[PDB]
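To start, the structure under review is shown below, and the notes come after it.
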Amino acid sequence: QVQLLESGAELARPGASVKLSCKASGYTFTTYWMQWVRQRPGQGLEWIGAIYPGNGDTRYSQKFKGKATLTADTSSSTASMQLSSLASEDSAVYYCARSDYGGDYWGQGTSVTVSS
Amino acid sequence: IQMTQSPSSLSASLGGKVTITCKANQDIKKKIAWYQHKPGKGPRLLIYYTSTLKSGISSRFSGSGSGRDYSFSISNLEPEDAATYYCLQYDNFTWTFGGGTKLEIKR
Ligand SMILES: COCO[C@H]1C[C@H]2O[C@H]3CC=CCO[C@@H]3[C@@H](O)[C@@H]2O[C@@H]1CC(=O)O
């Protein structure tokens with residue numbers, strides 16, 4: 001019954017920004033962490049950051065500080081990730097996920113393409 | 001926290017057992033998990049806290065280790081096991097994936 005519904009594909013120009021979102025359904029949104037992960041073409045999974053909707057706490061991979069900003073809206077059970085000052089290397093597939101001892105649910109993944 | 005996975009890729013026949021390893025740059029207190037990522041599917045959690053099997057996951061999957069060194073194994077290899085596997089440390093409220101291991105099956 002549990003699912004994470006991820007937002008659609010994005011196309012942006014260099015220097016622009018995009019905001020991806022993920023709506024949770026089937027579990028208590030405010031008592032678990034939500035993770036954001038990146039996967040560039042032909043590369044492995046990379047952690048971006050996490051947010052705990054229940055209190056707004058966030059944790060970031062040092063590499064993504066200044067690039068990604070995580071937020072959450074408890075009334076809509078939605079978590080968002082904003083990517084700022086987009087560049088070529090940001091072109092990749094992004095996933096949202098709640099993955100812990102109690103459940104493992106991932107968004108379908110969405111592409112962000114950065115081109116002139 | 002850095003994670004180094006080995007091997008980067010391997011080819012094995014059905015019915016056999018394969019083992020992958022992961023090394024952290026510091027003691028992660030057994031807070032390691034293993035994920036399977038099959039092309040066309042989202043990542044899937046298999047093992048956590050080093051040796052605990054996730055509910056609903058086949059007992060053919062197992063893990064062991066301590067300190068900085070951990071291992072993950074798949075016994076009785078099946079065709080559906082073809083995928084890329086990743087270790088994931090989750091200590092200190094952070095996540096760090098290993099580089100991944102691409103597992104290919106032989107027939
Ligand atoms: C980085 O996110 C915040 O830290 C939490 C990460 C969670 O990862 C899970 C990964 C895999 C399997 C099982 O549960 C892990 C979970 O215990 C871990 O919790 C972190 C927060 C905490 O330690 O309480």
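Identifiers in this document derive from the order of the structure tokens: chains are assigned A, B, ..., residues are numbered from 1 separately in each chain, and ligands are numbered from 1 in order of occurrence.
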Worksheet item: Could you write out, as a PyMOL selection string, all the residues of segment 33-102 of chain A that DSSP marks as strand (DSSP E or B)?
Response: chain A and resi 34-39+46-52+57-60+68-73+78-83+92-100
Discussion item. Counting only C-alpha atoms and all ligand atoms, what are the residues, protein, DNA or RNA alike, that approach ligand 1 to within 6 Å? I want them as a ChimeraX atom specification.
Written reply: /A:50,99-101 /B:33,48,90,93-95
Practice prompt. Counting only C-alpha atoms, collect the residues of chain B whose closest atom lies at most 10 Å from chain A, and write them out as JSON, numbers by chain.
Written response: {"B": [1, 33, 37, 40, 41, 42, 43, 44, 45, 46, 47, 48, 49, 52, 53, 54, 55, 84, 85, 86, 88, 90, 92, 93, 94, 95, 96, 97, 98, 99, 100, 101]}
Fill in: From A:110, A:87, A:40, A:53, residue lying nearest residue 72 of chain A [only C-alpha atoms]
A:53
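The space between atom CA of residue 2 of chain B and atom CA of residue 32 of chain A spans 24.4 Å.
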Worksheet item: Which residue out of B:102, B:60, B:31, B:38 has the minimum interatomic distance to residue 78 of chain B when only C-alpha atoms are used?
Response: B:60
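Using only C-alpha atoms, the smallest distance between any of B:25, B:79, B:61, B:34 and residue 107 of chain B comes from B:79.
Proximity ranking of A:68, A:112, A:12, A:24 relative to residue 93 of chain A places A:112 first, based on only C-alpha atoms.
If you look at atom CA of residue 39 of chain A and atom CA of residue 116 of chain A, they are 21.2 Å away from each other.
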Practice prompt. Considering only C-alpha atoms, return as a count of residues only whatever protein or nucleic-acid residues lie within 6 Å of segment 18-22 of chain B, sequence-local ones (same chain, fewer than 6 positions apart) excluded.
Written response: 8
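Residues within 8 Å of segment 54-56 of chain A, counting only C-alpha atoms and excluding same-chain residues fewer than 4 positions away, are residues 29, 30, 31, 32, 71, 72 and 74 of chain A.
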Expected file contents, prior selection, N, CA, C and O atoms, as a short mmCIF file (atom, residue, chain, number, x, y, z; two decimals), in the first residue's frame:
```cif
data_model
loop_
_atom_site.label_atom_id
_atom_site.label_comp_id
_atom_site.auth_asym_id
_atom_site.auth_seq_id
_atom_site.Cartn_x
_atom_site.Cartn_y
_atom_site.Cartn_z
N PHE A 29 4.31 9.94 7.71
CA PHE A 29 5.30 10.83 7.12
C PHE A 29 6.20 11.54 8.13
O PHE A 29 7.38 11.79 7.86
N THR A 30 5.65 11.85 9.30
CA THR A 30 6.39 12.58 10.33
C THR A 30 7.23 11.79 11.33
O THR A 30 7.76 12.37 12.28
N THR A 31 7.38 10.48 11.14
CA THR A 31 8.19 9.72 12.09
C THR A 31 9.33 8.95 11.44
O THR A 31 9.97 8.11 12.08
N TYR A 32 9.60 9.25 10.17
CA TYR A 32 10.69 8.58 9.47
C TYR A 32 11.46 9.57 8.62
O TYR A 32 10.95 10.62 8.24
N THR A 71 13.35 20.43 1.97
CA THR A 71 12.25 20.99 2.75
C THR A 71 11.12 19.96 2.78
O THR A 71 11.15 18.96 2.06
N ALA A 72 10.13 20.20 3.63
CA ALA A 72 9.00 19.28 3.74
C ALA A 72 7.73 20.02 4.14
O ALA A 72 7.77 21.02 4.86
N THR A 74 4.29 18.97 5.90
CA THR A 74 3.53 17.91 6.57
C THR A 74 2.05 17.85 6.21
O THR A 74 1.45 16.78 6.24
#
```
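If you look at atom CA of residue 20 of chain A and atom CA of residue 36 of chain B, they are 24.4 Å away from each other.
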